[PDB]
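# Structure at a glance
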Amino acid sequence: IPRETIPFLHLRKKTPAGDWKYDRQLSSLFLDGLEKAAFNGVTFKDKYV
Amino acid sequence: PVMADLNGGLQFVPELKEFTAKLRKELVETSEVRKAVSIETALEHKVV
């Protein structure tokens, strides 16, 4: 993820002002979990949906 | 189209919900304890 650069799939985080700004760390563990979910795949065992 | 924030700044006081819910939860304590303490002392004054 380049600095000052927003990736395409980012999570967000409310700021005490009230809006939602792109957070980088909180959008990091989402996005690598994806990349993990893309090499090994993700399991949903015991989910109930 | 215009927005016109006639809000006094209540978007700045953070976590207003319980900040609100606390201000009144205290106003019932300070109200009811001076309801209960007042009546029993007046009741104390009726047995001595």
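Residues numbered from 1 in each chain as written, not as in the entry; some residues may be left out. Chains lettered and ligands numbered in written order. Part of a larger assembly, values for the part shown. Heavy atoms only, no water.

In terms of determination method and resolution, the entry is listed under cryo-EM at 2.8 Å.

### Here's the deal with the overall build of chain A
Each helix and strand in chain A was counted, giving 1 helix and 2 strands. The linear arrangement of helices and strands in chain A, starting from the amino end, is β-β-α. Viewed in the frame of its principal axes, chain A has a C-alpha envelope of about 40 × 25 × 15 Å. Looking at the 49 residues of chain A, the share that counts as buried comes to 6%. Of the contacts formed within chain A by residues at least 6 apart in sequence, a portion of 6% connects residues at least 24 apart. In chain A, 9 positive and 6 negative side-chain charges are present, and the distance between their average locations comes to 3 Å. (Helix = DSSP H or I, 4+ residues; strand = E, 2+ residues; numbered from the N terminus. Buried < 20%, exposed > 50% of the residue type's maximum accessible area, 1.4 Å probe, protein only. Contact = heavy atoms within 4.5 Å. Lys, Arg positive; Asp, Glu negative; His and termini not counted. Charge placed at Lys NZ, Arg CZ, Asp CG, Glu CD.)

### Some remarks on the environment of A:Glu35
Position of A:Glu35 among the secondary structure elements: in helix α1 (residues 28-39). The exposure class of A:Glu35 is partly exposed, given its relative accessible area of 44%.

### What about the side chain of A:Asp23?
Relative to the helices and strands, A:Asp23 is located in the loop between β2 (20-22) and α1. Leaving out residues up to four positions away in the same chain, A:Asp23 has contacts with A:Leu11 and A:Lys13.

### Examining α1(A)
Counted at 1.5 Å a residue, the expected span for α1(A) with its 12 residues is 16 Å, and the 17 Å between its end C-alpha atoms agrees. Following α1(A) by one or two positions, A:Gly41 adopts a phi angle in the positive range, close to 80°. (Expected span 1.5 Å × (residues − 1).)

### Section: the side chain of A:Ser27
Residues and elements named next belong to chain A. With respect to the helices, strands and loops of the structure, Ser27 is situated in the loop between β2 and α1. According to the relative accessible area criterion, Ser27 is buried, its value standing at 1%. Beyond its immediate chain neighbours, meaning those up to four positions away, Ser27 contacts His10, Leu11, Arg12 and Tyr22.

### Brief notes about the environment of B:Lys25
All names here are of chain B. Within the secondary structure layout, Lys25 lies in helix α1 (residues 16-44). As for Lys25 and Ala36, which are separated by 11 residues in sequence, their C-alpha atoms are 16 Å apart. Of the polar contacts made by the side chain of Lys25, one reaches the side chain of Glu26; its length is 2.9 Å. (Polar contact = N/O pair within 3.5 Å; in protein donor to acceptor, adjacent residues only side chain to side chain.)

### Quick look at the pattern of salt bridges
Residues and elements named next belong to chain B. Counted under the stated rule, the structure contains 2 salt bridges over all chains. For the salt bridge of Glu18 with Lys17, the shortest nitrogen-to-oxygen distance reads 3.4 Å. Residue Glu26 is joined to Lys25 by a salt bridge in which the shortest nitrogen-to-oxygen separation is 2.9 Å. When its relative accessible area of 42% is taken as the criterion, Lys25 is described as partly exposed. (Salt bridge = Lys/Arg side-chain N within 4 Å of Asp/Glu carboxyl O.)

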